[PDB]
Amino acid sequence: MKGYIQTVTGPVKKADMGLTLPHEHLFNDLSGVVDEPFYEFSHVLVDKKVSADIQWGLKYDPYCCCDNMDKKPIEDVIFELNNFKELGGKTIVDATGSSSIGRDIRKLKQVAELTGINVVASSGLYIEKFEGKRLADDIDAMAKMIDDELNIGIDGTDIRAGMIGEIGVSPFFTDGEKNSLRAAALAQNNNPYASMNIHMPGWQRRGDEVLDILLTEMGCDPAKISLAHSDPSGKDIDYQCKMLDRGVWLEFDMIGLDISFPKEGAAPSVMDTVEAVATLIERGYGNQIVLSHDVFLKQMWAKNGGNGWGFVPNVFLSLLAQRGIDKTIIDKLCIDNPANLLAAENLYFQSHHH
C-alpha cells in the first residue's frame, strides 16, 4: 500500500510515475577497464571522440575507445533526456549503483532539477571484476551500506537511492558475488518498497541458482526482484518461463543496444526481442515484463546515431503493436509494469527496522 519511489529529489507516488525506464545509466565511468583494441581496425577508434562517424567500428569494439568509456557530460545527458521527455517520459532509473562504475549522485540530482524528470539512483555492488575485495566484506556490513544509501544518503549527501542494484552476477558467479547477492537480499528485506535489479550474465542461464539464493534461501518477495539482461535468453522460452513461474520480473533492458561485444557475444536484434516479448505476453506473462535500453556508452546516445532513450516507448511499442499485441497490454508495459516493480510494497516485509 501507498507505493512510491524515492527519487533524488524526494518521494514520488506510484500513480505519478508515468512513462518510466527502469534500467539505464545516466552517469557512469568505465575508464578503468578500457580494453586493448581487439581487431585490426580497432586501433583508429582508441583515441577518437565518439561520433556518428565511427559507429561503423564502435558497434564491434565498443570498449577499446576511451571517450566511449569515460564520464558523461551533463550537457550530453540532458540533451538525450529531453528526447525522452518529449514523448511524455516522466521517470528514469540510473542503475549505476556503485562508485566502482562511476555513480554521480550530485549530477543525478542536478539533472532531475533541470529537466523535471523523476530520477531514481541505485545502491548495489557490481561484479567482482570492478569491485574486488569490496565483495569480501561481512554480509551485514554490505547490507548496512545499502540500507544507509536508501534511507540516509549517498557519498556524504542527503540524496538517497530508490533501487537496490544493479547487483553484479558475472559469468563466473564468484563467492564474492554470491555474498553481494545475500547482502542485497538482507537490505531488501529491511526496505518495504525497494526493488532489486540483478545484473545477469545474459548469455548464460544462471537464473535458477540466483533465485535459489534470493528466493529459497533469503526469502525475498519475487515481485520485488528483476533479472536484468534477459534479452539474450529470449529464444530460450523454457528457461524464461521457468524464471517467470518463480514469480520474478524479466527485464529486457538491451532494446536497441545494437552492439556486438568481442567476448561476451552479440546483442539480440530488436526484432528478436519483439518476438520474444510478444510470445511471453501470448503465454500470459505480460504483467511480469519490463523494458529498457541500458544506455551505458556514449555510442548509444541518439546524438551519436544510437537509439537513445526514446526508442522503447516509440519504436519497440509500435513494433509490438504491428505484431498484434493488444493496446491495453502495450500501454502497461512502460507505465504500470515498471511502476509496480519499482514502487509496489513488498508482500513479505512491510516494516523498515533500525
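Heads up: residue numbers just count along the shown sequence, starting at 1.
In this entry, the higher average B-factor at the C-alpha atoms falls on 73 to 81, of the pair 73 to 81 and 248 to 256. For the two regions 112 to 120 and 159 to 167, the entry's Cα B-factors average higher over 112 to 120.
By the numbers in the PDB entry, the CA B factor is greatest at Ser269 among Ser233, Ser98, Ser226, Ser269. When the C-alpha B-factors of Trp203, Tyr193, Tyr126, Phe261 are ranked from the entry, the top spot goes to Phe261.
In the PDB entry, a CA B factor belonging to the lowest third of its chain's modelled residues is recorded for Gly207.
In this PDB entry, the Cα temperature factor of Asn346 sits in the bottom third of its chain's modelled residues, the lowest group. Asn340: CA B factor lies in the lowest third for its chain, per the PDB record. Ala183 sits in the lowest third of its chain by CA B factor, as recorded in the PDB entry. Residue-level temperature factors show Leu87 in the highest third of its chain, judged at the C-alpha atom.
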